[PDB]
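Report on the structure given below.
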Amino acid sequence: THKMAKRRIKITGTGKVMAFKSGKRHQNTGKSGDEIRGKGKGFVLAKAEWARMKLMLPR
Amino acid sequence: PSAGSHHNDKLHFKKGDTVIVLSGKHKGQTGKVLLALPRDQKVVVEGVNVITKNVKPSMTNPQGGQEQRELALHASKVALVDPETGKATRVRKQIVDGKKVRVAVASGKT
Amino acid sequence: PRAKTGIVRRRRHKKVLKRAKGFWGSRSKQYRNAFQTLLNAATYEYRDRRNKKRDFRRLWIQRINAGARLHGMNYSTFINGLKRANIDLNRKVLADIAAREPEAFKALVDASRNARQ
Amino acid sequence: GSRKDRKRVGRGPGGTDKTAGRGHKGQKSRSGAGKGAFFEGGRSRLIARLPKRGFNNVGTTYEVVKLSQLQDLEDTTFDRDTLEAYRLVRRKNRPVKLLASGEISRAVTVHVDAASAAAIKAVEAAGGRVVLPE
Amino acid sequence: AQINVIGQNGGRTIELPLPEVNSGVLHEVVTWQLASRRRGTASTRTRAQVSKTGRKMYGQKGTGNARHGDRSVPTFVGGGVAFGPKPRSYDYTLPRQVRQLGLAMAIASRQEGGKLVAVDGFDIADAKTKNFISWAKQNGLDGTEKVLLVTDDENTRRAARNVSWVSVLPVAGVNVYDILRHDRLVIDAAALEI
RNA sequence: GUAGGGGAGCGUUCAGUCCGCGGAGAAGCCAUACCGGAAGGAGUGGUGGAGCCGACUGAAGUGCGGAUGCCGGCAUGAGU
RNA sequence: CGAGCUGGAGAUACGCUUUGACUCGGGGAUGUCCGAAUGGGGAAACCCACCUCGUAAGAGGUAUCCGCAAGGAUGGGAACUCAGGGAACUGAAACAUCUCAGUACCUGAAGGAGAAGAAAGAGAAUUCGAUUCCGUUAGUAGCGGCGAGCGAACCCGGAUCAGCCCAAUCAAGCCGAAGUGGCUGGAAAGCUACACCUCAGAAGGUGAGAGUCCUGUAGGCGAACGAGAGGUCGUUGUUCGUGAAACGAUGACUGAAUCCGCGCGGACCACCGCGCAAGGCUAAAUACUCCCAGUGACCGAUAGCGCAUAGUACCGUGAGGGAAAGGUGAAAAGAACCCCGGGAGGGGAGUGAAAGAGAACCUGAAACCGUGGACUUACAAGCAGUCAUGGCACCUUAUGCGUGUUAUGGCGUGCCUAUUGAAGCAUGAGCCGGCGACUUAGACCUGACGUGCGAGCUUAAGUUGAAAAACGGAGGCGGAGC
Ligand SMILES: [K+]
Ligand SMILES: [Mg+2]
Ligand SMILES: [Mg+2]
Ligand SMILES: [Mg+2]
Ligand SMILES: [Mg+2]
Ligand SMILES: [Mg+2]
Ligand SMILES: [Mg+2]
Ligand SMILES: [Mg+2]
Ligand SMILES: [Mg+2]
Ligand SMILES: [Mg+2]
Ligand code: NA
């Protein structure tokens with residue numbers, strides 16, 4: 001899907017998922033301190049395969 | 001079912017040309033050509049003789065017996081031979097009647 | 001390039017069918033059944049190889065204790081009588097002796113006693 | 001000869017056949033017969049549920065011309081904008097960018113479309129002049 | 001290093017490929033060629049659609065001992081085929097460089113055995129053919145092994161009627177295949193050569 | 001040792017190439033106690049009356065016991 | 001064209017033919033009735049008229065829609081083209097959008113093609129410059145309950161390439177080089193010893209396997225003469241589903257200018273840039289294929305079109321559905337005559353190489369039935385075997401290794417599937433033969449292996465050549481990431 005090219009799986013030099021954090025951003029929040037300020041990166045070594053098979057070609 | 005279509009439906013002889021028989025049976029045996037059929041490539045020559053028996057059940061006095069008749073052949077004949085042996089003839093000319101051509105080999109007698 | 005299965009199945013089959021020699025009924029004449037018969041047979045041919053030994057050994061044993069009792073002993077005493085002395089180590093074929101040559105087997109019995117008590 | 005001509009050893013292995021099994025059954029035992037729409041994508045498995053909106057732009061992508069390509073080897077063929085094609089930078093449709101990576105001071109002239117801070121301060125530092133379009 | 005028979009006499013020209021002729025290499029080539037010669041032909045009603053057959057048969061439940069739908073499925077006689085032959089092409093493009101190496105090595109195989117060249121085809125004297133064979137005789141070409149002539153020039157081909165003897169090849173039109181098909185080879189023309 | 005994965009090969013049709021066989025006779029079928037580790041192959045005989053083995057390589061419409069499979073033929077229920 | 005012909009048609013009779021029969025080509029002269037059917041009616045192949053020309057026979061006209069007229073049209077076409085109208089199953093692991101898809105189907109119209117076409121364009125270079133098709137761009141931009149999933153264009157290569165005009169050689173066909181003997185055989189074109197042609201060794205026939213016997217093939221010749229505006233509202237297309245949503249199009253309401261003019265350039269405005277509608281026509285590249293030729297790592301008849309001819313038998317009221325079936329032999333010399341019999345059928349004789357080819361005739365498997373012989377069996381309970389031993393019989397892979405058969409003992413819960421678990425009193429199966437199930441396509445993605453280049457690596461379309469192949473570097477992947 002084209003909603004994948006704009007999904008947090010960028011084709012990095014190596015070939016893994018360039019994730020982020022889905023804890024809480026837009027709604028349902030207001031507690032904790034810097035829980036929302038967790039707008040960093042994320043990575044996984046068990047789904048890189050069944051995710052890159054949809055965006056690999058159009059890197 | 002084909003039958004003489006392999007050839008072009010043209011016989012290289014007539015119904016009165018002395019012809020010999022090469023290969024098969026009756027080797028070297030010459031005879032006068034009687035009935036010639038360009039379709040089924042059939043050739044009746046007084047040479048090959050076959051004693052057949054006509055079936056006449058009630059023609060009146062059938063007296064069924066074994067008559068003397070001839071049998072037809074295929075392309076196992078060398079038409080027109082003048083050196084006493086099988087020849088071939090494609091050369092052509094004209095005599096007094098330029099409306100018809102002729103045939104020859106190494107001699108010119110057909 | 002189509003490829004028929006001609007001449008291939010028949011042969012396959014005849015190969016099986018010809019194995020059936022003494023097979024009763026359709027086992028010897030029909031394939032689906034003759035072939036099926038063999039599977040069970042395979043289970044027999046192999047297991048029988050291993051089992052036949054259990055049969056003959058058993059056979060030889062009866063002859064041995066039959067000839068023993070003939071004099072006044074028994075298989076348990078006789079075989080052991082050859083063990084007490086590393087001398088005799090026959091065991092196999094020994095059954096043939098107690099059957100063809102009773103004289104030769106008589107000495108082995110007497111020797112069993114002289115190395116026991 | 002033409003009949004002695006063999007094969008690579010491993011140039012092409014035999015196909016795989018699921019018939020004549022003698023103990024072979026194709027696929028999974030159940031719920032796998034003559035259907036192919038399951039896929040391996042969808043949108044209820046990680047695909048969706050990822051917090052990403054971003055913004056697609058794709059403006060101008062410049063051609064990375066490594067500095068060692070100019071320096072090191074070569075007798076200076078004059079980069080210009082045509083002769084450089086033979087220097088293994090054939091791209092077209094996009095402009096040209098000059099980035100410093102190889103280091104061997106040498107005096108060479110450079111005519112690329114655009115160039116970096118460190119690039120320009122590495123060419124004229126050893127001789128040359130980085131020409132940019134007016 | 002083959003010396004010309006009619007006209008000049010060199011042969012030192014051209015470089016033969018290393019290693020000394022590899023069978024594998026020619027293999028990939030001949031296969032590709034035969035592959036482009038295989039015409040797409042397939043007379044099979046793979047589809048159950050192309051066949052003239054209705055859509056409904058008996059009933060699904062209650063006919064007793066049936067369970068069928070169309071009489072055009074592969075489980076039925078005179079119907080369609082399962083996975084039949086469909087018309088295709090099978091004509092890829094083998095890498096040019098390797099093709100260039102094909103004949104470069106192909107010729108190679110004849111330089112180590114039967115190799116023959118000639119510039120000047122005057123001995124021929126028109127069609128004749130009879131004289132053509134005479135010329136072969138006086139050149140080792142007895143007429144036992146198959147020969148491939150690869151020269152231009154209309155008359156020169158003109159006289160070449162025979163089977164196991166020689167073969168026609170207009171305008172240096174080589175194959176890896178044709179050269180390996182016949183035994184002896186006659187490059188003759190120095191057009192493609194050198 | 002099942003699902004499964006891996007490895008080495010047999011057989012069939014078509015094709016290129018090679019050595020060939022065939023009227024004193026091929027293929028096919030039929031009998032068999034030989035051979036190979038299997039798939040299989042060979043010798044001989046009988047039949048038959050025109051074509052077809054082996055080796056290497058390529059290409060699939062390639063290997064049956066089953067699906068209340070399909071087609072055809074022929075049985076049992078019975079002399080009921 | 002040069003001897004036969006008298007259709008597929010097996011047979012008889014009468015005949016047609018050097019005043020060139022037939023056949024193969026090319027134009028005419030006759031074409032009943034039905035069918036768009038058109039004189040009317042009509043349940044098609046029937047019935048009934050009238051008028052006119054006339055020796056009665058007989059011939060001609062009489063339909064409707066445009067036109068003074070000439071003339072043209074209402075018809076039928078397998079597929080392909082355009083237009084009008086326009087589904088659902090399915091997908092979305094349900095389902096209202098979207099997909100499916102503007103596909104199938106329906107209808108109208110036309111051709112050997114159509115469609116489209118000479119800028120109120122594309123687009124960003126102050127550029128290309130009719131249309132269509134192919135490759136590429138690229139699966140990018142974009143679209144989408146932002147889900148499924150759908151999906152351009154410009155630049156460039158290539159096929160083919162023109163813009164003019166209104167209103168104010170293929171079909172007949174002929175000619176066409178080059179063998180004799182001997183032997184096996186019933187019959188050779190094979191074996192054998194020699195010879196010859198070859199711009200012809202493609203191929204088929206000829207008793208069998210073929211250059212030189214036949215027809216043809218290379219090549220040459222070849223005719224009377226036959227072809228070649230804007231806006232609003234409701235909506236839609238293009239990637240665009242109402243999103244900031246342009247533009248094109250259309251129904252309904254309204255309604256501008258035209259030279260210091262008008263439209264457009266993803267609301268809008270200025271600037272800038274391109275182009276100038278409300279008229280038309282127009283080769284070629286392109287699609288498909290009833291038909292024809294050629295070809296085949298296409299079948300060889302349970303294949304292949306359904307059909308080795310048949311939309312026939314047969315089924316249904318109808319629409320419609322829809323089979324199976326090949327082979328005597330080189331050629332009929334296909335069986336006089338005799339024996340049994342009503343016949344059928346069979347046996348002799350004869351023909352032939354063969355009758356062990358006999359006309360419900362190539363080969364002749366299996367299931368099934370039967371005859372004969374050998375070895376056995378009428379007190380034992382048997383998944384129908386296996387092992388061992390004995391008796392008997394036979395000795396072509398084989399007098400000594402076993403084969404065939406049996407008596408007896410020991411042992412022994414069909415196969416497949418589906419299952420925690422099957423001999424299962426769970427499922428499937430009368431038997432046998434045949435047919436039958438992991439494939440194919442997309443320069444797709446990824447990996448192993450192999451191979452030719454190697455910091456480079458290849459081309460797609462296409463063109464020119466094809467008993468063979470090269471050319472073609474638009475483009476893609478390497479190369480810098482974030
Ligand atoms: K044999
Ligand atoms: Mg299953
Ligand atoms: Mg889920
Ligand atoms: Mg039942
Ligand atoms: Mg009763
Ligand atoms: Mg259609
Ligand atoms: Mg069991
Ligand atoms: Mg039971
Ligand atoms: Mg059961
Ligand atoms: Mg059940
Ligand atoms: Na229509």
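Each chain in the structure tokens gets a letter, A, B and so on, in the order shown; residues start at 1 in every chain, and ligands are counted from 1 in the order they appear.
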
Can you list, as number ranges by chain, every protein, DNA or RNA residue that comes within 10 Å of stretch 18-33 of chain A when you count only C-alpha atoms (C1' of nucleotides), leaving out same-chain residues fewer than 3 positions away? A: 7-12, 15, 36-44, 48; D: 49-52

Can you write just those residues out, C-alpha atoms, as a short mmCIF file (atom, residue, chain, number, x, y, z; two decimals), in the first residue's frame?
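Written output follows (part-v3.cif):
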```
data_model
loop_
_atom_site.label_atom_id
_atom_site.label_comp_id
_atom_site.auth_asym_id
_atom_site.auth_seq_id
_atom_site.Cartn_x
_atom_site.Cartn_y
_atom_site.Cartn_z
CA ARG A 7 4.67 4.29 7.26
CA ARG A 8 7.50 4.19 9.80
CA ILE A 9 9.47 1.55 7.91
CA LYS A 10 12.15 3.40 5.97
CA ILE A 11 14.57 1.48 3.76
CA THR A 12 17.75 1.97 5.78
CA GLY A 15 17.41 -3.26 5.90
CA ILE A 36 4.83 11.73 25.03
CA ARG A 37 8.27 13.22 24.40
CA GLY A 38 9.25 9.69 23.40
CA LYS A 39 9.20 10.68 19.73
CA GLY A 40 12.35 8.69 19.00
CA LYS A 41 13.26 5.61 16.98
CA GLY A 42 12.26 1.95 17.23
CA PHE A 43 13.66 -1.30 15.87
CA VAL A 44 12.70 -4.98 15.72
CA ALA A 48 11.82 -6.84 9.52
CA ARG D 49 -1.43 1.05 14.18
CA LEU D 50 1.87 2.83 13.44
CA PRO D 51 1.86 6.53 14.31
CA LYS D 52 3.08 7.99 11.06
#
```

Distance filter 12 Å around ligand 6, atoms: only C-alpha atoms (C1' of nucleotides) and all ligand atoms, out as a PyMOL selection string: chain G and resi 78-80+103-105

Store the residues of this selection in a file with N, CA, C and O atoms (P, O5', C5', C4', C3', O3' and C1' of nucleotides), as a PDB file, in the first residue's frame.
```pdb
ATOM      1  P     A G  78     -21.436 -13.664 -36.619  1.00  0.00           P
ATOM      2  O5'   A G  78     -20.259 -14.077 -35.653  1.00  0.00           O
ATOM      3  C5'   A G  78     -20.174 -15.392 -35.135  1.00  0.00           C
ATOM      4  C4'   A G  78     -18.740 -15.780 -34.927  1.00  0.00           C
ATOM      5  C3'   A G  78     -17.877 -14.723 -34.250  1.00  0.00           C
ATOM      6  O3'   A G  78     -17.954 -14.781 -32.824  1.00  0.00           O
ATOM      7  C1'   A G  78     -16.804 -15.498 -36.225  1.00  0.00           C
ATOM      8  P     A G  79     -18.291 -13.452 -31.963  1.00  0.00           P
ATOM      9  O5'   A G  79     -16.897 -12.680 -31.957  1.00  0.00           O
ATOM     10  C5'   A G  79     -15.734 -13.276 -31.385  1.00  0.00           C
ATOM     11  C4'   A G  79     -14.460 -12.664 -31.918  1.00  0.00           C
ATOM     12  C3'   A G  79     -14.280 -11.168 -31.683  1.00  0.00           C
ATOM     13  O3'   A G  79     -13.793 -10.869 -30.383  1.00  0.00           O
ATOM     14  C1'   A G  79     -13.725 -11.704 -33.932  1.00  0.00           C
ATOM     15  P     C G  80     -14.136  -9.463 -29.698  1.00  0.00           P
ATOM     16  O5'   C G  80     -13.300  -8.441 -30.546  1.00  0.00           O
ATOM     17  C5'   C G  80     -11.894  -8.469 -30.523  1.00  0.00           C
ATOM     18  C4'   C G  80     -11.337  -7.528 -31.541  1.00  0.00           C
ATOM     19  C3'   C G  80     -11.862  -6.110 -31.462  1.00  0.00           C
ATOM     20  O3'   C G  80     -11.220  -5.351 -30.475  1.00  0.00           O
ATOM     21  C1'   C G  80     -11.917  -6.840 -33.707  1.00  0.00           C
ATOM     22  P     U G 103     -16.069  -1.841 -20.249  1.00  0.00           P
ATOM     23  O5'   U G 103     -15.950  -3.318 -19.648  1.00  0.00           O
ATOM     24  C5'   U G 103     -14.905  -4.184 -20.047  1.00  0.00           C
ATOM     25  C4'   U G 103     -14.910  -5.455 -19.207  1.00  0.00           C
ATOM     26  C3'   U G 103     -15.995  -6.462 -19.557  1.00  0.00           C
ATOM     27  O3'   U G 103     -15.577  -7.314 -20.619  1.00  0.00           O
ATOM     28  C1'   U G 103     -15.908  -6.160 -17.191  1.00  0.00           C
ATOM     29  P     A G 104     -16.510  -7.509 -21.904  1.00  0.00           P
ATOM     30  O5'   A G 104     -17.652  -8.465 -21.379  1.00  0.00           O
ATOM     31  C5'   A G 104     -17.371  -9.802 -20.989  1.00  0.00           C
ATOM     32  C4'   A G 104     -18.557 -10.443 -20.279  1.00  0.00           C
ATOM     33  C3'   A G 104     -19.888 -10.478 -21.033  1.00  0.00           C
ATOM     34  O3'   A G 104     -19.971 -11.523 -21.996  1.00  0.00           O
ATOM     35  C1'   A G 104     -20.259  -9.701 -18.848  1.00  0.00           C
ATOM     36  P     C G 105     -20.469 -11.205 -23.484  1.00  0.00           P
ATOM     37  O5'   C G 105     -22.004 -10.879 -23.278  1.00  0.00           O
ATOM     38  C5'   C G 105     -22.903 -11.841 -22.736  1.00  0.00           C
ATOM     39  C4'   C G 105     -24.187 -11.193 -22.280  1.00  0.00           C
ATOM     40  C3'   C G 105     -24.908 -10.368 -23.320  1.00  0.00           C
ATOM     41  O3'   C G 105     -25.642 -11.146 -24.215  1.00  0.00           O
ATOM     42  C1'   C G 105     -24.796  -9.139 -21.327  1.00  0.00           C
TER      43        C G 105
END
```

At most 8 Å to chain E: residues in chain F, only C-alpha atoms (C1' of nucleotides), as a PyMOL selection string: chain F and resi 17+58+61+68-71

Give the helix (DSSP H, G or I) residues of chain A, as assigned by DSSP on the backbone, as an mmCIF file with N, CA and C atoms, in the first residue's frame.
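Output file result.cif is given in full below:
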```cif
data_model
loop_
_atom_site.group_PDB
_atom_site.id
_atom_site.type_symbol
_atom_site.label_atom_id
_atom_site.label_comp_id
_atom_site.auth_asym_id
_atom_site.auth_seq_id
_atom_site.Cartn_x
_atom_site.Cartn_y
_atom_site.Cartn_z
ATOM 1 N N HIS A 2 0.331 2.344 -0.553
ATOM 2 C CA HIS A 2 1.047 3.617 -0.583
ATOM 3 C C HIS A 2 1.041 4.266 0.797
ATOM 4 N N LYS A 3 0.185 3.768 1.683
ATOM 5 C CA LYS A 3 0.176 4.232 3.061
ATOM 6 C C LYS A 3 1.319 3.566 3.817
ATOM 7 N N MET A 4 2.106 2.773 3.095
ATOM 8 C CA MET A 4 3.277 2.122 3.666
ATOM 9 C C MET A 4 4.527 2.962 3.433
ATOM 10 N N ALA A 5 4.635 3.535 2.238
ATOM 11 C CA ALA A 5 5.741 4.428 1.913
ATOM 12 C C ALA A 5 5.786 5.558 2.927
ATOM 13 N N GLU A 49 11.328 -8.804 8.188
ATOM 14 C CA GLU A 49 11.020 -9.549 6.972
ATOM 15 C C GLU A 49 9.593 -9.288 6.502
ATOM 16 N N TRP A 50 8.627 -9.599 7.361
ATOM 17 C CA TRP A 50 7.215 -9.459 7.017
ATOM 18 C C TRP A 50 6.747 -8.010 7.107
ATOM 19 N N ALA A 51 7.621 -7.090 6.713
ATOM 20 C CA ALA A 51 7.293 -5.671 6.688
ATOM 21 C C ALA A 51 7.979 -5.001 5.505
ATOM 22 N N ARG A 52 9.211 -5.421 5.234
ATOM 23 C CA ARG A 52 9.987 -4.867 4.131
ATOM 24 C C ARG A 52 9.506 -5.418 2.794
#
```

Would you kindly report the residues of chain G within 7 Å of chain C, using only C-alpha atoms (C1' of nucleotides), as a ChimeraX atom specification? /G:298,384-387,415

Near residue B:22, counting only C-alpha atoms (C1' of nucleotides), which residues have an atom at most 10 Å away, once you skip same-chain residues fewer than 3 positions from it, shown as JSON, numbers by chain? {"B": [19, 25, 26, 27, 28, 29, 30, 75, 76, 77, 78, 85, 86], "G": [213]}

Just-selected residues, N, CA and C atoms (P, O5', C5', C4', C3', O3' and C1' of nucleotides) written as a PDB file, in the first residue's frame:
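What ended up in again-v2.pdb:
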```pdb
ATOM      1  N   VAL B  19       5.016 -51.153 -73.531  1.00  0.00           N
ATOM      2  CA  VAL B  19       5.621 -50.837 -72.239  1.00  0.00           C
ATOM      3  C   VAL B  19       6.121 -52.102 -71.533  1.00  0.00           C
ATOM      4  N   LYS B  25       6.958 -58.058 -60.256  1.00  0.00           N
ATOM      5  CA  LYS B  25       6.928 -59.369 -60.878  1.00  0.00           C
ATOM      6  C   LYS B  25       6.860 -59.108 -62.356  1.00  0.00           C
ATOM      7  N   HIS B  26       6.997 -60.166 -63.136  1.00  0.00           N
ATOM      8  CA  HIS B  26       7.002 -60.001 -64.576  1.00  0.00           C
ATOM      9  C   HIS B  26       8.087 -58.984 -64.994  1.00  0.00           C
ATOM     10  N   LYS B  27       9.317 -59.225 -64.549  1.00  0.00           N
ATOM     11  CA  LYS B  27      10.441 -58.363 -64.878  1.00  0.00           C
ATOM     12  C   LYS B  27      10.766 -58.490 -66.351  1.00  0.00           C
ATOM     13  N   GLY B  28      10.836 -57.351 -67.028  1.00  0.00           N
ATOM     14  CA  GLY B  28      11.303 -57.313 -68.401  1.00  0.00           C
ATOM     15  C   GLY B  28      10.205 -57.669 -69.372  1.00  0.00           C
ATOM     16  N   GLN B  29       9.087 -58.124 -68.825  1.00  0.00           N
ATOM     17  CA  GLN B  29       7.975 -58.515 -69.667  1.00  0.00           C
ATOM     18  C   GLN B  29       7.229 -57.306 -70.243  1.00  0.00           C
ATOM     19  N   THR B  30       7.188 -57.250 -71.561  1.00  0.00           N
ATOM     20  CA  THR B  30       6.561 -56.150 -72.257  1.00  0.00           C
ATOM     21  C   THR B  30       5.179 -56.564 -72.727  1.00  0.00           C
ATOM     22  N   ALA B  75       2.755 -47.465 -60.718  1.00  0.00           N
ATOM     23  CA  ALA B  75       3.882 -46.807 -61.394  1.00  0.00           C
ATOM     24  C   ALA B  75       5.049 -47.780 -61.575  1.00  0.00           C
ATOM     25  N   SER B  76       4.753 -49.062 -61.537  1.00  0.00           N
ATOM     26  CA  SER B  76       5.806 -50.057 -61.707  1.00  0.00           C
ATOM     27  C   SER B  76       5.877 -50.451 -63.199  1.00  0.00           C
ATOM     28  N   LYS B  77       6.033 -49.448 -64.036  1.00  0.00           N
ATOM     29  CA  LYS B  77       6.174 -49.708 -65.447  1.00  0.00           C
ATOM     30  C   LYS B  77       7.010 -48.599 -66.018  1.00  0.00           C
ATOM     31  N   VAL B  78       7.862 -48.938 -66.967  1.00  0.00           N
ATOM     32  CA  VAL B  78       8.609 -47.908 -67.652  1.00  0.00           C
ATOM     33  C   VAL B  78       8.011 -47.700 -69.038  1.00  0.00           C
ATOM     34  N   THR B  85      15.244 -51.643 -73.324  1.00  0.00           N
ATOM     35  CA  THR B  85      15.449 -51.490 -71.892  1.00  0.00           C
ATOM     36  C   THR B  85      14.688 -50.251 -71.433  1.00  0.00           C
ATOM     37  N   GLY B  86      14.500 -50.087 -70.123  1.00  0.00           N
ATOM     38  CA  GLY B  86      13.725 -48.956 -69.613  1.00  0.00           C
ATOM     39  C   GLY B  86      14.435 -47.625 -69.851  1.00  0.00           C
TER      40      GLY B  86
ATOM     41  P     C G 213      16.648 -43.614 -62.956  1.00  0.00           P
ATOM     42  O5'   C G 213      15.087 -43.887 -63.116  1.00  0.00           O
ATOM     43  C5'   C G 213      14.581 -44.798 -64.096  1.00  0.00           C
ATOM     44  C4'   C G 213      13.157 -45.174 -63.796  1.00  0.00           C
ATOM     45  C3'   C G 213      12.205 -44.007 -63.565  1.00  0.00           C
ATOM     46  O3'   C G 213      11.721 -43.416 -64.766  1.00  0.00           O
ATOM     47  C1'   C G 213      11.899 -45.633 -61.872  1.00  0.00           C
TER      48        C G 213
END
```

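Backbone DSSP over stretch 124-188 of chain E gives strand (DSSP E or B) for residues 147, 148, 149, 184, 185 and 186 of chain E.
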